Amino acid sequence: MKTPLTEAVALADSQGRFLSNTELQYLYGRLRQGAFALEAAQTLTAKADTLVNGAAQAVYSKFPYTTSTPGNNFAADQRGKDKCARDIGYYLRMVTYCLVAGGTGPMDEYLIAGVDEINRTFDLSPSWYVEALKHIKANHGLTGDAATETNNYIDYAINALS
Amino acid sequence: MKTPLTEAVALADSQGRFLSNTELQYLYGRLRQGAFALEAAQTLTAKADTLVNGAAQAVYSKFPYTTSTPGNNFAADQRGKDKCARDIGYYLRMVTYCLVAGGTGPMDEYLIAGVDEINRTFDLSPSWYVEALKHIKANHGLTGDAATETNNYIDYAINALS
Amino acid sequence: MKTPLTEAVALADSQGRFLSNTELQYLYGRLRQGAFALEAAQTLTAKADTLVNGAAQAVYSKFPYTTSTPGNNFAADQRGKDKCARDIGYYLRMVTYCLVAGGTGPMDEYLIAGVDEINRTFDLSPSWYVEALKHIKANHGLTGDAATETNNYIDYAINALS
Amino acid sequence: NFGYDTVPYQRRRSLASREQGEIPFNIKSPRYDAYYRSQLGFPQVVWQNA
Amino acid sequence: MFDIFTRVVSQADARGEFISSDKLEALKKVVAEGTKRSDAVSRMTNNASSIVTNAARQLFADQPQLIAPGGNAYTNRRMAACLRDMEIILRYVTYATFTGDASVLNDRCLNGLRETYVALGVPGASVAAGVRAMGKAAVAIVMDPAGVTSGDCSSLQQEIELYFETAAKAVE
Amino acid sequence: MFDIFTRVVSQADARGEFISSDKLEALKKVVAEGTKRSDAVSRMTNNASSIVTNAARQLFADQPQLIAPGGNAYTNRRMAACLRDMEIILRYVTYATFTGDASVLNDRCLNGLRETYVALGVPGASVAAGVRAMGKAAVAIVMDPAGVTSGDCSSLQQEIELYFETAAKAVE
Amino acid sequence: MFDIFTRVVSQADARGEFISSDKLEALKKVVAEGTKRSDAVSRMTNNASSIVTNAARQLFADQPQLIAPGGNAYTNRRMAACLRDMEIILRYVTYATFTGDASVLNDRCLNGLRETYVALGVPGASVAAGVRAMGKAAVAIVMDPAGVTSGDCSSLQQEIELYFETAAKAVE
Amino acid sequence: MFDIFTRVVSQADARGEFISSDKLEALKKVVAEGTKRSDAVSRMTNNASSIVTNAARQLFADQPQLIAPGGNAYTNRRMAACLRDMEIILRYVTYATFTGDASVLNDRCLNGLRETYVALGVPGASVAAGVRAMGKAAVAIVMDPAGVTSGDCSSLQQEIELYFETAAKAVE
Amino acid sequence: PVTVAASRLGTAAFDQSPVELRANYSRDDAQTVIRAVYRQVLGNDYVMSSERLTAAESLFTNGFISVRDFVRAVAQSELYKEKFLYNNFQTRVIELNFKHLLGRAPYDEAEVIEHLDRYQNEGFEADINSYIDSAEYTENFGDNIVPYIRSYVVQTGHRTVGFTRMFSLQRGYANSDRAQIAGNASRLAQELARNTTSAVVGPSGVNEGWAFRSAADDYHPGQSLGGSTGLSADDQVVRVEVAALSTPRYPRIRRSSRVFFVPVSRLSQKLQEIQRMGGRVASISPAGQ
Ligand SMILES: CCC1=C(C)/C(=C/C2=NC(=C\c3[nH]c(/C=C4\NC(=O)[C@H](C)[C@H]4CC)c(C)c3CCC(=O)O)/C(CCC(=O)O)=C2C)NC1=O
Ligand SMILES: CCC1=C(C)/C(=C/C2=NC(=C\c3[nH]c(/C=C4\NC(=O)[C@H](C)[C@H]4CC)c(C)c3CCC(=O)O)/C(CCC(=O)O)=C2C)NC1=O
Ligand SMILES: CCC1=C(C)/C(=C/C2=NC(=C\c3[nH]c(/C=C4\NC(=O)[C@H](C)[C@H]4CC)c(C)c3CCC(=O)O)/C(CCC(=O)O)=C2C)NC1=O
Ligand SMILES: CCC1=C(C)/C(=C/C2=NC(=C\c3[nH]c(/C=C4\NC(=O)[C@H](C)[C@H]4CC)c(C)c3CCC(=O)O)/C(CCC(=O)O)=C2C)NC1=O
Ligand SMILES: CCC1=C(C)/C(=C/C2=NC(=C\c3[nH]c(/C=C4\NC(=O)[C@H](C)[C@H]4CC)c(C)c3CCC(=O)O)/C(CCC(=O)O)=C2C)NC1=O
Ligand SMILES: CCC1=C(C)/C(=C/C2=NC(=C\c3[nH]c(/C=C4\NC(=O)[C@H](C)[C@H]4CC)c(C)c3CCC(=O)O)/C(CCC(=O)O)=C2C)NC1=O
Ligand SMILES: CCC1=C(C)/C(=C/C2=NC(=C\c3[nH]c(/C=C4\NC(=O)[C@H](C)[C@H]4CC)c(C)c3CCC(=O)O)/C(CCC(=O)O)=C2C)NC1=O
Ligand SMILES: CCC1=C(C)/C(=C/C2=NC(=C\c3[nH]c(/C=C4\NC(=O)[C@H](C)[C@H]4CC)c(C)c3CCC(=O)O)/C(CCC(=O)O)=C2C)NC1=O
Ligand SMILES: CCC1=C(C)/C(=C/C2=NC(=C\c3[nH]c(/C=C4\NC(=O)[C@H](C)[C@H]4CC)c(C)c3CCC(=O)O)/C(CCC(=O)O)=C2C)NC1=O
Ligand SMILES: CCC1=C(C)/C(=C/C2=NC(=C\c3[nH]c(/C=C4\NC(=O)[C@H](C)[C@H]4CC)c(C)c3CCC(=O)O)/C(CCC(=O)O)=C2C)NC1=O
Ligand SMILES: CCC1=C(C)/C(=C/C2=NC(=C\c3[nH]c(/C=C4\NC(=O)[C@H](C)[C@H]4CC)c(C)c3CCC(=O)O)/C(CCC(=O)O)=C2C)NC1=O
C-alpha cells in the first residue's frame, strides 16, 4: 500500500505531529507524477490485449520447451496456455495499478509478497515472467516522463522477481 | 425465598408504592414469630443428632426390606445407610432453616422444587421421608407456639412431599 | 495519591512481603504529622476567604496590566476576576487537602499533572499563582511544626509550578 | 407462557383424547364483526330459496 | 429478596451446618430492635416526598447549569425524570432499611444506575451530591424524636448512612 | 491507509477489470484540484491549535458542569486529557482531508472513540457538540480567503463537513 | 491506594468544598486510635502464617474430598497453590486494616477472585468457609491481650470482621 | 436443520454445479447403512434415561463436592437442573446421530453451553467428564448386540464418539 | 491513566510507575525485578521452584545479561511454551505474546499475518525474537524496564482499539492469564478480522455483570440498524446486555446471557423486567440515534 500520501500520513502518525510542509511537498510530487501517469495508464489499457498476446507468444518462442514437454507448469496443452496468458495479463494489470497508485504498493501487495514461494512450490521459473516484462517494456512504445516512470515500475518488478 | 419481610417488599415493588402500614403489621408478625422461633431452632440444633439417629433407625424398623434386599436406593450395605442418614439430616437442617427464616422459603428452594423428580429418576419413595418427618415431629417433644409452628413446617414438608 | 500509609502498602506490595516494622515506623510518622496537621487545616479553613481575597487583590496590585488590557487570560471585566479568584481558591483548597492527606498527593493529582500545559494552551503565566502562593504563605501567620509543614507544601507547589 | 423469543399460540385448545377439542381463534374470530357487515350491505341474498 | 434472616440462612447453608448460638443471639438482638426499624421506616416514609423536593432544592441552588438551557435537567420532561430518579432512589433506601439488608438496593439499583447515567449523558456527580444531601436530611428527620418515646438509635443511623453511601458510590 | 486512488484501485481489483475511462476523468479532476486540497490543509493546519482552544472555549462556556467539581473535565489532568482528545481528533480530520478518504479517520477513531467514552464515563454529548463547533470554526477559517487567489471551494467545504459529521456521529 | 484520609479528600474534592469540622473531628479520633491500628496489625502479622495453616487445617478436616484424589486441592502443586491463595488473602486483609480502607482489598482481590475461581473450577465454597474460619482465628488472636496494656478494641474488631466478610462474599 | 443430504446439496449449490458421481456413491453407501443408523438410535434411545442416571452416578461418586453443601449441584432444584442438562445433552446427541450431521447439536448447544456455564458459575469440568462417561456408556450399549443380527458398526462408533467429543469440548 | 471509576475497570492496580533496573542493583532489587518479569511475562501466573529456571536467572543477577534479554530468556524457556504455546491456539499465542512482551493488544489483521507467516517460516524461537526486537518494543522500554501494560495511556501512537481490546485480553489484577472464562479460545481473533470491538467490561464484584460474553455465532453489532426503525419508537436506542437469566428456568430461557436493544423510553420497563428475572446487567451502551 505504498502510496506517498498514505506513507506521509503513516510518517506523521508515527511522529504524532500535525501536517507539516514536507507533506505538502509530498502531495505536490504526487500530483506531478499523476499528471502523466493517468494518461499513461489510459494508453496501456488501450494496448493491453496486444501487449499480453505478443508477450505470451514471445515467451513461447523464447523457450520452445515449455510448449514441447508435457508438464504441469509448462503449457503442453491449451489450458496451460490459458493460465500462462492469465498470469501475464495479471502482471500487466498490476503494472497499471502500480502506475495509477503512484507507488509500488499494488505491485508489492498483490505480487511481490509471495511470488518466489509459489514459484518454488509449483516449480515455475521467474525468468519467464522476467522476459515477459522485458517484452512488455519493449512493446509499449511510449515517450516522456510517463514512459520511464512505467519502465521504472517494470524493472522494479523484474528486480524483485529475480 | 418465602420471607414475609421480603414478600412484603416484593408486594410493594409490584404495586410501586412506598411502605404502607400493612408492611408495618407484617414486620410485627415476623417479630412475634421469631421471638420463639429462635429458641426453638436452638433446642432443635441441640437435639439434632439424636433426632436424625432415631429417625433413621425408626425408618429402618418401619420397612425391613430396605435393609434386606440389595438395591441402589435401599441401604443394603453401610454406604446406603450413610446416604440415608445424610438425607434425613439434610431434611432436619432444612426444617431449622425454615423455622429461623420465618417462612417456607429455605424448604421450598432447597427441597420442594424437584424432590419428587429425583425420587422418580432414582426410584426412591417419598413415604420414607414422610414417616421420618413423622418420627421427628413425634420426637422433638416441645410445647407452646414454637412447637406447633415447627409442626406446621414439618407437615407442610409432608404434604408437599407426598 | 502520595500517602505514606498507601506508599508503604505499595512498597510492601511490590516486595510481596507482609507488614514490616518499617511500616510501623511509617505509621508513627504519619500520626506525628497529623497531630498538628489537622488543627492547621482547621485554622486554614477558618482563614480561607480572607486569604484568597487578599491574595487576589495582591496579585492585582502585583501586576496592574492584567486589570488593564482586555484579554482572555487577564481579568479585564469582572468574569475574569471571578475565574481568577476561583483559581486561587482552588489552589488554597488543594493546599488544605495536601496538608490533611499527609503528602503531596492531592496537590500532585489535582494540580501538578497538567498545570503548565493548560498554562501553555491558555497563555496563562504560572508566576501569577507563584506570587499568589507567596502572599498566602506570608498571610497564614502560623507558628510551629504545622506552619512550616504547610509552608513546605506551599513552596513545593511553587517549585513544581515554576 | 411465551416470553421474549416465543411466538404466541392458542394455549390448550384441545384437551388430550378429546374428539373435538376447541375452535381455532382465527376462524372463531373474523376480522369483521357482526356489525360492519350491516354497513356494507353484504347479505344481499342470491334468492336460492323461494 | 435477601433478608438478614435469609442472609444467616444462606451462610448456614453454604457452610451446610446448623446455625451458631451467638448468631442466634444476634438475631434475638435484631428482633428486639425490630420496633425501632419500624419507628425509623415510618418516620422517613412520612416525610419522604418533602425530602425529595428539599434535595432537589439544594441541588438546584447549588448547580444552576442543570436548570440552564442545554443542561441535562433543563426540560420539564427531564425535570420530572430527575424527581422520578430521586424518588425511586429514596424508595429503595426505604426498602433496604425495612428489610435490613442492602441486597435489595444493590440488586435493583447498583446494576444499571452508573450504566444509564453514562449512556444518557447524565452527570453522576449531581446525583451523588443529591443523594448525599437527601441522606443527611433523612438522618435529620429520623434521629430527632417528636413526641416519640426515647431510646438509642445509633445503629440505625449507621445503617441508613451506609445505605446512602452505597447509593452515592453506586451513582458516583 | 486507503487513498482515493487506492480506493479506485481496490474497486477495480474487486471487480478485477481495468479502470473505466470516466473514473479516470474523475481522477483527472481530483489531480486538478489537488492544489486546493493543499490550500485547505495548509490553511487549517496553520490555525489548528487556536481552533482547539476556541472549541474548548465554547464548550466550557456552554456546559459549566464539566468545569464544576465532580465533572468529567474538572481536574487539571482530565482537562489536559480533553485538549488531547480534541487535538488528536482535529489531527485525524487533517489526515483525512489530506488523503481525501475518510478511511484513515474511520479506521483510527471510529473503532474505540465510543468505546472509551462509555467505558470511562465520558459524556459523548460534549465531544459531539465540541467537534461540531470545531468543524464550524474549521470551515470558517478554510473558506474565507485572506490574500489568497480566488476560486470555488464548495466540494472541499462538503468534504470537511462530511468528515466532521462522521466524527460527530462517531463519538455521539 | 485509597486511604481514609484520601477518602475524605476525594469526598471533599467531589463536593469541591473545604472539609467539614466534624469530619476533621472524626479524623482526630482516627489519629487518636492509630496506635491501636498498629497494635492490631502487629499482632496478627506476628501470627499470620500459623493462622493460615490452622485455617487449612480446619478446611481439610472439614472437607476430605479436597484431599481425595480428583479433588481440586489434591495435588502437591495445587496444595501449595491453596496455601498461596490463603496467604495472599490474609496479606491483603492486613493491607486493608493497615490502611483503614477496604479499597486496597477490593481493588486488588474483588475483581478476579470469583473470576479465577469459576474459570479454573475452584469451589468458591471452600475458600469462603476458609476465609471465614481464618477471620475468626484472626479476631481471636487480635482481641485477647497477652501482656498488652488494656483498652477497648470493638471498632477494630468490627473493622477486620467487615474485611473478612467482604473477602467471604468476594470469593463466595 | 442440516442433514448430510442437505450438506451435499449445500456444497453443490455453493459450487453451483451438479453433484459428482462419487459423492452419489457415498450417499448410496449412506442409504445402505441407514438401517444401522436406525439400529443404533433405537438401541440407545431404549436405554437413555438409565444412561443419564449412571452418568450422574459416576459423577457424584467421583466429585463429592458437588453434593456437598455450597456445591453447585447441591440443592434439589439444582440437582434436577443437572439431570435436565444431561438429559437434553443426550437428547441432542440422539438427534445428531439420527440426522447424521453434527449441525443440529452444534447449532443448538455449542452456542450457549459454555456461556451459561461461565455465567452461572457452573463448573464445566464436571459436565465434560460426565458427557465423556455418558458417551462411553452409550458406545457400550450401542455396540454390543443382544439378540441382534450381526454386522460391522465401526463407522457408527466413530460417529457417536465424535459427537460426544464435540459435546465435551463444547462444555469443557 | 484512568482515575475515574478506576475501581470499575480494574486498571487501578496497574497505577504505579514502571520498575527500572539500576546500573548497580543489589541482590534484593534484582529479585524484585525477576519477580516482576515472572509476573508480567507469565501474566500473574505463580511459579514453582522446580520451574523457576534459577540458572538462567543467576546470569541476569550478575548484570552480564540485560533485563530485556532476561525477558527473552523466560520467553525462550520451555515453561512458557508449556503454559502458553502448547495449550493455546497459535493465533491465541500471538495474541498472548502481544500482551506478554509488547504490553498491548494487537491493532489489526496485518500483525497476525506477520506473526503467523513468521511462525510457519521460521519457528516460535524466531517469532519471540521478532516481538522483542521491535521498534515498538524498544521505544517503550529499551533494556532496563520490565514489560508493562502501556495501553491505558495514549503514548503517542496508540490506535483507539488497543485500549478496549486489552480489557478483553486481561481481567483485573487477581486474574491469572492462563485462566480465563473462555479458556482455550481467543477473544480478539474474532474481533480483528471483522475490524470491530466489543464493549468494555470491568472485572468482577466491582461489576457483577462480568459473566457476559458475546456469543461466537451471534455478533450483535452495537448500532442496530437505523436508530430503531424496526423497533418503532421515536427515542434513541441503547444496547443492553444481561449476564444471567436463571430465575426464568430451562423451558423459558435457552441461553442466560443475551443482548437487547431498547429505546430509552422503554428502557426503564425492560430494566425492571430483567431485575424481575434476577438478571444482573453487564454493560449498557448507547446504540443508535
Ligand atoms: C495478480 C498477480 C498473480 C499472478 C501472476 C498469479 C499466478 C499463478 N499462476 C499459477 C499457476 C500456473 N502458472 C502456469 C504458467 C506457466 N506455465 C507455462 O507454460 C508458462 C511459461 C507460464 C505462463 C506464465 C501454469 C501452467 C500454472 C498451473 C501449474 C500447473 O498446472 O500445475 C498459480 C497457482 C494456481 C493456479 O493457476 O492453478 C498462481 C497463483 N497469481 C496472482 O494472483
Ligand atoms: C437439602 C435437601 C436434600 C436431600 C434430602 C437430598 C437427597 C438425595 N438423596 C440422593 C440419593 C440416595 N438416597 C438414598 C436414600 C435411601 N435409601 C435408603 O435405604 C433409605 C430408605 C433412604 C435414606 C433416606 C440412597 C440409597 C441414595 C443413592 C441412590 C443410589 O445409591 O443409587 C440423591 C442423589 C445423589 C446421591 O446421593 O448419590 C440426592 C440429591 N439432596 C438434597 O439436596
Ligand atoms: C483544583 C486546581 C485547578 C485550577 C487552579 C484550575 C484553573 C483553570 N483556570 C482556567 C482559566 C482561566 N484562568 C484565568 C485566570 C487569570 N487571569 C487573570 O486575570 C488572573 C491573573 C488569573 C487568575 C488566577 C482566566 C481569565 C481564565 C479563562 C481564560 C479565558 O477566559 O479564556 C481553566 C480553563 C477553564 C476555564 O475557566 O474557563 C482552568 C482549568 N483548574 C483546576 O482544576
Ligand atoms: C407505624 C405506626 C407505628 C409506630 C410509630 C410504632 C412505634 C413504636 N416505637 C416503639 C419503641 C421505640 N422506638 C424507638 C425509636 C426511636 N426513639 C428515638 O429516640 C429515636 C429518635 C427513634 C429511632 C429512630 C425507641 C428508642 C423505642 C423504645 C426502646 C427500644 O425499643 O429501642 C414501640 C414500642 C413501645 C412504644 O414505645 O410504644 C412502638 C409500638 N408502632 C407502630 O405500629
Ligand atoms: C503550503 C505552502 C503552499 C501554498 C499555500 C500553495 C498554494 C496554492 N493554491 C493555489 C491555487 C488555488 N487554491 C485555491 C483555493 C482557495 N481559494 C479560495 O478562494 C478558497 C478560500 C481556497 C480553498 C479553501 C483556488 C480556488 C486556486 C486556483 C484555482 C484552483 O486551482 O481551484 C496554487 C496554484 C497557483 C497559485 O494560485 O499560486 C498554489 C501554488 N502551494 C504551496 O506549496
Ligand atoms: C509494633 C511494635 C510496636 C507496638 C506493639 C506498639 C504498641 C502500642 N500500643 C499502644 C496503646 C494501646 N494499644 C491498645 C490496643 C489493644 N489493647 C487491647 O486491650 C487490645 C487487645 C488491643 C487492640 C487489638 C490499647 C487499648 C492502647 C491504649 C489506649 C488506646 O490508645 O486505645 C501504645 C501507646 C502507649 C503504650 O501503651 O505503650 C503503643 C506504643 N508500638 C510499636 O511500635
Ligand atoms: C426400531 C424398530 C426397528 C429395528 C430394531 C429395526 C432393525 C434392523 N436392523 C437391521 C440390520 C442391521 N442392523 C445392524 C446393526 C447392528 N448389528 C450389530 O452387530 C451392531 C451391534 C449393531 C449396530 C450398532 C447390522 C450389522 C445389520 C445387517 C447388515 C447391515 O445392514 O449393516 C435390519 C435389516 C434386516 C434385519 O436385520 O432385520 C432391520 C430391519 N428396524 C426397525 O424398524
Ligand atoms: C488516536 C485516536 C484516539 C483517541 C481519540 C483517544 C482518546 C482517549 N481519550 C481518553 C480520555 C479522556 N477524554 C476526555 C474527554 C472530555 N472531557 C470531557 O468531560 C468532555 C466530555 C470531553 C472533552 C473533550 C477526558 C476527561 C478523559 C480522561 C478520562 C479519565 O481521566 O478517565 C483516553 C483515556 C486515556 C487518558 O487518560 O488519556 C483515551 C485513550 N485515544 C486514541 O488513541
Ligand atoms: C493478589 C490477588 C490474587 C489472588 C487471590 C490470586 C489467586 C489465584 N489462585 C489460583 C489458583 C488456585 N487456587 C486454589 C484454591 C483452593 N484449593 C481448593 O481446592 C480450595 C477450594 C481453595 C483452597 C484455598 C487451587 C487448587 C489453585 C490451583 C488451580 C489450578 O491448578 O488450576 C490462580 C491460578 C494460578 C496458579 O496456578 O497459581 C490465581 C491467579 N491471584 C491473584 O493475583
Ligand atoms: C437445548 C440446549 C440447552 C442446554 C444444554 C441448556 C442448559 C441450562 N443449564 C442450566 C442450569 C444448570 N446446569 C447445572 C449443571 C450441573 N450441575 C453441576 O454442578 C454440574 C457441573 C453439572 C451437572 C450436570 C446446574 C446446577 C444448573 C442450575 C444452575 C443454577 O441454579 O443457577 C440453565 C439455567 C436455567 C435453569 O435453572 O434450569 C440452562 C439454560 N439450556 C438449553 O437451552
Ligand atoms: C428502579 C431502579 C431504576 C432507576 C434508579 C432508574 C433511572 C433512570 N433514570 C433515567 C433518566 C434521567 N435521570 C435524570 C437525572 C438527573 N437529572 C440531572 O441532570 C441530574 C444529574 C439528575 C437529577 C436527579 C434525567 C434528566 C433523566 C432523563 C434523561 C433523558 O431524558 O435522556 C432513565 C431513562 C428513562 C427516562 O427517560 O425516564 C432511567 C431508566 N431506572 C430504574 O429502573
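Just so you know, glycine gets a Cβ as well, placed from its N, Cα and C.
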From F:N46, F:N72, the one Swiss-Prot labels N4-methylasparagine: F:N72
Sparsest Cβ surroundings (other CB atoms within 10 Å) among the binding-site residues F:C82, F:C153: F:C153
Of F:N72, F:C82, F:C153, chain I-adjacent recorded positions (C-beta under 8 angstroms): F:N72
Local Cβ density at F:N72 (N4-methylasparagine) - other Cβ atoms counted within 10 Å: 21
DSSP-derived class (H/G/I helix, E/B strand, else coil) of F:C82 ((2R,3E)-phycocyanobilin 1 binding site): helix
F:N72 (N4-methylasparagine) and F:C82 ((2R,3E)-phycocyanobilin 1 binding site), distance between Cα atoms, whole Å: 9
Whole-number Å value for how far F:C153 ((2R,3E)-phycocyanobilin 2 binding site) lies from F:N72 (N4-methylasparagine) (Cα to Cα): 38
DSSP-derived class (H/G/I helix, E/B strand, else coil) of F:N72 (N4-methylasparagine): coil
F:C153 ((2R,3E)-phycocyanobilin 2 binding site) in three-state DSSP notation: coil
Sequence-ordered recorded positions from F:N72, F:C82, F:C153 with Cβ under 6 Å of an atom of ligand 2: none
